[PDB]
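This is what each chain is made of:
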Number of protein chains: 4
Amino acid sequence: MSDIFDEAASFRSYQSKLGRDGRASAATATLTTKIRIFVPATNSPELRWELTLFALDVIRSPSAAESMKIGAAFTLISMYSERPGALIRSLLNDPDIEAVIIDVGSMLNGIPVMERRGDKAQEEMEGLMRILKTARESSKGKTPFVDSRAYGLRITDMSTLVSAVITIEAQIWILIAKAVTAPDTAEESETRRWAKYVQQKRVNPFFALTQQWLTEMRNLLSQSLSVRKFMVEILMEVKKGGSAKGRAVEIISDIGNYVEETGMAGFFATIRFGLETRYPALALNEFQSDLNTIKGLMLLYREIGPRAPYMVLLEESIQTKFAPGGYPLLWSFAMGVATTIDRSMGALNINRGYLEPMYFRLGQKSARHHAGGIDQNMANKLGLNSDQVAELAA
Amino acid sequence: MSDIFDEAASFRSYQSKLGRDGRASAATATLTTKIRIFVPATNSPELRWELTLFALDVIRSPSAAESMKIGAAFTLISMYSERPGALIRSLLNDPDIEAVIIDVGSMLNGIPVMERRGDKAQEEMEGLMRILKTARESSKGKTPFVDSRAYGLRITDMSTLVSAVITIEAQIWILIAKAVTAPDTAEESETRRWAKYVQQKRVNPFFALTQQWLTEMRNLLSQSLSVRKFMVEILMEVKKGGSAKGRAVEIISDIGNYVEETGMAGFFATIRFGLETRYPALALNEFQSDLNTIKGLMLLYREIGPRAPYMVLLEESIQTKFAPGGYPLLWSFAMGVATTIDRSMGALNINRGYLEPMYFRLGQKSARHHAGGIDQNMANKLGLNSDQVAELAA
Amino acid sequence: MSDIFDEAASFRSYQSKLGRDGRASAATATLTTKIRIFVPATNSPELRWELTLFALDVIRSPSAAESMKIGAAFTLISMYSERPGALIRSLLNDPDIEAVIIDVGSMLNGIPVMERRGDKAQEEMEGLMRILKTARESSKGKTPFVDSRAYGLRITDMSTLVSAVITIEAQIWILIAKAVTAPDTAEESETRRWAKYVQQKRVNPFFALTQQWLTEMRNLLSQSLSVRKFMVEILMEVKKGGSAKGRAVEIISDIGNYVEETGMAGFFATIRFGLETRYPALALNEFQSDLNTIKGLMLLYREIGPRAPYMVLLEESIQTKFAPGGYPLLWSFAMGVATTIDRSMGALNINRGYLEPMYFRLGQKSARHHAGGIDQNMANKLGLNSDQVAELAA
Amino acid sequence: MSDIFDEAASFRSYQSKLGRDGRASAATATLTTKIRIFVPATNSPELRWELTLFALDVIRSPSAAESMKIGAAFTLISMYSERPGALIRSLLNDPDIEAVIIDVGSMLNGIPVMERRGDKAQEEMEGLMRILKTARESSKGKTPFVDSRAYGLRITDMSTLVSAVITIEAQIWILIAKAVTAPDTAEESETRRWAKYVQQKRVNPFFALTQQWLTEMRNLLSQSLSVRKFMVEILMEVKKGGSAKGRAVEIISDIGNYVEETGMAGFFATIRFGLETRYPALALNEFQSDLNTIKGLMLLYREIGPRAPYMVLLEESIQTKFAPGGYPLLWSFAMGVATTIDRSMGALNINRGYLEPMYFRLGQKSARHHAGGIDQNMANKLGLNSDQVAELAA
């Protein structure tokens, strides 16, 4: 009777947030791996420039261990800050790893540890020399930068270093947008992002890394979750307004605009196209279940918190509930109207196992062949009967 | 049901202001670069005239470092004030740079540091001499001013110095309007502004800088963000009324009238044309999402603060959300109606990848062929059917 | 009549806090002197030990400029902290000076500037070498430490560095107690404090500086006010409880226990002895003005704030109002009763020009020959006449 | 007038808690030293017994570094717990040190690190072998235990290990009572404490360490504050009732009864004897100041918190304010009645510089020659006039 179809509505609402309450224990604590991070101790551009040159080689090195590669990645990302050690320690929320910050101090060809020389320090120098030699020999004499003069370049002015660093930072931060969603299909939007900043003159194109190095970094960025967690944490903190933003921060925040809501196009297309833009083909006894599920997802997205846009980047388990497959019918209808309306929408890969072409066809007919679709009019257009016809004539 | 399409609206409203709350930390602190600014210590007209000539030469110089160019620009912008050091120190909000104000004191051909002569001073003296020599040799003997007599001109009267400084400041401040939006397509609106100010006799046309120097300064202004931030801060402070305004301040505010809302013609054109000028073609079930996004953008713009008009100049990350691309349909409709209505609108470059020519055609038709479009009439026009027919006859 | 003698009291109360209200302007801004501070960039024990040895040499140097000596003192005082630059920048309230923090980086025999070598660095290196040579040649080959082996000592263990640094900091901090009150009459209380800390095993006696270096450092500390202000700020910050205190902080607070209320023995002795310890000779119609002045001074001391005990160290102008001379009669009475009562009091130098020997004699008599002086008894001692007689018998 | 002597009472009360408010900053952060702690990973008695044998030798070793000695001390104290690593990490509040817990795993003659053998592990084995060889050679073949059979004893039963460990724990925990107050004058109460537990059969006397080893441990315990802080933290946590107490915990809590209020006998004797046991010789114009100061100290002691009894052990700077010297007169009177009443009181060393024998003599007369001292009688003893005489006759 009347109680039925309302008990279920509460039942489905209760089922979604079934056991996601309370606080977990410390027994389920992941084993931690030591990660050695080489941060610049001083503000001298000559040491900082030599440091970021070293961090570039470690990432490009094929003989480098993964833990060393994460250290180079953490060294690069925090290079812009005046106190990289403080930034890493105050913006790290990775239970998987423990970070041991190492102040570099001075600069040899590699890094001088300068701590009880001879005692457990000599082998580290030999290891780093092997890292540098293998990195340079691995490539065909090709420097990480697209310009061979940008590698063996002497930097002493603070102004040049800041411009040089930001270009390295910006090019790395470009990859996060499509590092885990479709890393192979990248280099098109990434080039478009780089071209945009070049025209804005925010980045000096002289310090442009080659695509060989970018592929190596992107492979590192996809494999490792700790680096992704650190960069997502930076994005959220930078997103919070209130303080003055520097040139490095403004670029990061601008890049974070493209990063948000990545990897969840199937869910958001359903919200924007299938659900909104109210079409008379919604209530058809095959979307009422999906509409109920979608309503629960909106509450779940609001309940998650500030990490909701970057769910795919952090690989949250909540993401699977958001993916199409739990509401294949409405999503199929949503992609039907999406391809017809949005020209860009159509390069999306939607060859899933629950396409349901009949509902896809209905969405295609909904955009054009269904009706003009005049919604509630606050302004009273009594003579708009022909106005719809002219609009419908197209 | 009824809850749907309102839950979704609240969801989009919450998603717009998702994580832009709270206060950030000091860990994300940009590295600062020292910027040396040469300000006049006294009010003697000859010293100030020599100082602004030196600043012009340094800006024109090709061998000048970028920091020196920024120092020269800051010296120029604050020349009108009787206390340039106080003006710079009390109107600087640039975390990227730290300004070390230097009182010039006396004046040689260059500038006498007058601080422990021989100790760390002769090198700076020879550097400034090299700067001046390279600046003079670089051009084909052409002075920065369009009149060769305006360069080697002796100034001893305060009024003449004030007039020349006002002209130089005005000619500098014309460039900010189209320095980052379309610097290449400039020199038309800039020439129009210069002609307008000449016809108003606010600027003496004798001190007119050549177009080569103007191009060099526009390139410098586009490259650097600190100068843009300082000039935007000056514009914001001058805009606040309450006190007496001098000739320099009046000219600066008149220029800032044109400066405001630059680089956001898409959003404001969308508002003014698509949103206002209520057309029966608005409520069409394909514009509701765009209207909701536009409303959220309106609240965001109100929330941003006094820096909202100058977001493109400061390169705020919030600007990307304002750009068309999140509402291409309504934007295309508004561009169509604007191009049909506003004759000047049509020189705008709108060859984007989301043009949607169908909606552009729909807007073009809605502008003219749609109907007369009589809105709510407070005055009762009983017999205005024939008036509407005659108006539609055109 | 009745109103008079109360109008006078209100008049004196208003006169005490006559013009000490409102906020001052920025026009009265002292000229600032640049002070170069060499702080350790890293946590390596060898670098910190070499840095503190260099600071000791610079302080002992006779050819050192005063600014260099202040920089060395600031380097020494902040050596215990893991981030000396942050400690100095966040605990500096000196309008007289501006501090330019310099991260040392690596360390040669002196300090490597490591910033554009050859450009304005070689002269500083030669100056530092001259400073070291003059410091070493000035004494008769006598190292700053009382043990010649403590100077040319290699430090690589963190614990040894911490112990040596704590000892040096403690020996420095002993001097502040009697640096400006009576620097010449020192070396007795200072030696007592050093012996106390040695017997407590808080300080390793191996790193004990010679008395020549201690005299030089005490002279430097008395001459300079910025160092005193910095150390008083450190004392005030450490005094505020709430957080865990390290060995250095505990030693500093224990020394500040002796530091407090220094140089104001006259006022506090007057309070404790003349005002408290109620004697029948107090209300005698020659002490009412002094009592009113003392009450006003107590109100002023409560009004001053947390800087009240260290008024002599900061050389506050309000201190002169606290000194005896505005209440010579009650002060003399209190010093008489103190010299008769307190055995230790009597080594104080009170050969002032307002001794008033009659009141000193009156206080001496009031201490012993006056009466037993039984005050208000909560317990009813009805048979205490014989007890009072026996007590007066002595 | 009446306001005077009440303004001072508030003034002295306000002066005590002058600047002890608010929260300190993190700038004053002590440099941390790494401390390596060898904890047993498993519960096997054979490994635990071999571990505590190793920790005994390290403490006895003369060639051992201080940091190693602290690690042995931390290893011993936490040996009773089933999870020594959890106990140390959850009961450590030492900002001076950082503890790196090392699970021992298996057991060779020394300790097998078992982590990448050959890589930075071989030298550690050689160092430990040097530690063991020097420790055994330093003594004249004397084992740490008073019984030579207790050293080379095989332990496989859990029951024997628990009894053996507790004896080692109890003997170490005896020293804390008089480790910093008067370490030289120890071995009398310490032997008395040990004899008491032997008669109670809580400790098996077979595992009794020689006095040569106890002196070495006590010297370590006095020098190092980190060990004292850890053991004080254990005392407070064990003091908090609510849970079941094991044999190890019960001994520690029983020992903590003697540890409490150590090193503050001068203050507490004044409270118990001078202030309490109300004598008609209190109000004499020479104790009113001391009574006021004593009252302020009681509030300060209550304000400190649970760490108030162990102020001397933690070497809190607040302790100096509690020491006699700020109230020498009443303390001298208090010790006067203390020596006459308490036979044990009189072995205390009170040869200070502020003895004031006249007030000491008055205290001596106060106990016996002053009066019987009949206080307020709730029971009405009308015929007690002769009862006092018989009591006074003695």
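Residues numbered from 1 in each chain as written, not as in the entry; some residues may be left out. Chains lettered and ligands numbered in written order. Part of a larger assembly, values for the part shown. Heavy atoms only, no water. Residues with missing side-chain atoms left out of burial classes, pairs and counts.

- Its PDB header attributes the entry to cryo-EM and lists the resolution as 3.485 Å.

### Re empty space enclosed by the protein
(1) Moving on: In this structure, the largest cavity spans a volume of roughly 100 Å³.
(2) Moving on: Taken together, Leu235(C), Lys239(C), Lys245(C), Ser253(C), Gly256(C), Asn257(C), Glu260(C), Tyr310(C), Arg20(D), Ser317(D), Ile318(D) and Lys321(D) form the lining of the largest cavity.
(3) Moving on: At three residues, helix α10 (residues 247-259) of chain C tops the list of elements feeding residues into the lining of the largest cavity. (1 Å grid on protein atoms, 1.4 Å probe; cavity = no way out; pocket = protein on both sides within 12 Å on 5 of 7 lines; lining within 4 Å. Points joined across faces, edges and corners; volume = space filled by probe spheres on them. Helix = DSSP H or I, 4+ residues; strand = E, 2+ residues; numbered from the N terminus.)

### Some words on the side chain of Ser366(B)
Residue and element names in this part refer to chain B.
(1) Moving on: Mapped onto the elements, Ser366 comes out in helix α16 (residues 357-368).
(2) Moving on: From its side chain, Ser366 meets the backbone oxygen of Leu362 in a polar contact 2.3 Å long.
(3) Moving on: In contact with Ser366, not counting residues within four places along its chain, are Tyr279, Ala281 and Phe333. (Polar contact = N/O pair within 3.5 Å; in protein donor to acceptor, adjacent residues only side chain to side chain. Contact = heavy atoms within 4.5 Å.)

### Section: the interface of chain A and chain B
A common measure of how large an interface is: the accessible area buried when the components associate.
(1) Moving on: The interface is formed by 61 residues belonging to chain A together with 59 residues belonging to chain B.
(2) Moving on: For the side of chain A that touches chain B, the element with the highest residue contribution is helix α10 (residues 247-259) of chain A, accounting for eight residues.
(3) Moving on: For the side of chain A that touches chain B, the class distribution of residues is 24 nonpolar, 14 polar and 23 charged. (Nonpolar A, V, L, I, M, F, W, Y, C, P; charged D, E, K, R; others polar.)

### Considering the environment of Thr262(B)
All names here are of chain B.
(1) Moving on: Among the structural elements, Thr262 can be located in the loop between α10 (247-259) and α11 (265-275).
(2) Moving on: A relative accessible area of 10% places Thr262 in the buried class.
(3) Moving on: For the pair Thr262 and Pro309, spaced 47 residues apart in sequence, the C-alpha separation works out to 7.2 Å.
(4) Moving on: The contacts of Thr262, once residues within four sequence positions are left out, are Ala177, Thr181, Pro309, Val312 and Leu313. (Buried < 20%, exposed > 50% of the residue type's maximum accessible area, 1.4 Å probe, protein only.)

### Considering a nonpolar patch on the surface
(1) Moving on: A contiguous nonpolar patch, built from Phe11(A), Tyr14(A) and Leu18(A) and spanning about 340 Å² of accessible area, is present on the exposed surface.
(2) Moving on: Considering the arrangement of structural elements, one finds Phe11(A) in helix α1 (residues 7-16). (Patch = residues over 30% accessible without salt bridge, like charges linked within 9 Å, V, L, I, M, F, W, Y side chains within 5 Å. Areas by Shrake-Rupley, 256 points an atom, 1.4 Å probe, with all protein chains shown as cover. Salt bridge = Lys/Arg side-chain N within 4 Å of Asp/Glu carboxyl O.)

### Things to note about the pattern of salt bridges
(1) Moving on: If you walk through the whole model with that rule in mind, you get 59 salt bridges over all chains.
(2) Moving on: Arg192(A) is the salt-bridge partner of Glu188(A), the closest N and O atoms lying 2.5 Å from each other.
(3) Moving on: Of the residues examined, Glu188(A) reaches a relative accessible area of 46% and is grouped as partly exposed.
(4) Moving on: Residue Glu237(B) is joined to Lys240(B) by a salt bridge in which the shortest nitrogen-to-oxygen separation is 3.0 Å.
(5) Moving on: Since its relative accessible area comes to 39%, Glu237(B) is described here as partly exposed.
(6) Moving on: Here the residues in one salt-bridge network are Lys196(A), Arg202(A), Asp254(A) and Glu315(B), joined through shared partners.

### Considering helix α12 (residues 288-304) of chain C
One full turn of an α-helix is made of 3.6 residues, so residues set three or four places apart face in the same direction.
Residues and elements named next belong to chain C.
(1) Moving on: Taking 1.5 Å per residue, 17 residues should reach 24 Å; α12 reaches 24 Å between its end C-alpha atoms and fits that length.
(2) Moving on: Among the residues of α12, those classed as buried are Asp290, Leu291, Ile294, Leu297, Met298, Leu300, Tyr301 and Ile304.
(3) Moving on: Remark: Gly305 follows α12 within two positions and exhibits a positive phi of approximately 120 degrees. (Expected span 1.5 Å × (residues − 1).)

### Details of the pairing of strand β1 (residues 33-39) of chain D
Residue and element names in this part refer to chain D.
(1) Moving on: Counting buried residues along β1, five of its seven residues qualify, which places the element largely inside the surrounding structure.
(2) Moving on: Pairing of β1 with strand β2 (residues 97-103) involves seven bridges; the strand directions are parallel. Among the inter-strand pairings, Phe38 is bridged to a residue of β2, identified as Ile102. (Pairing = 2+ DSSP bridges.)

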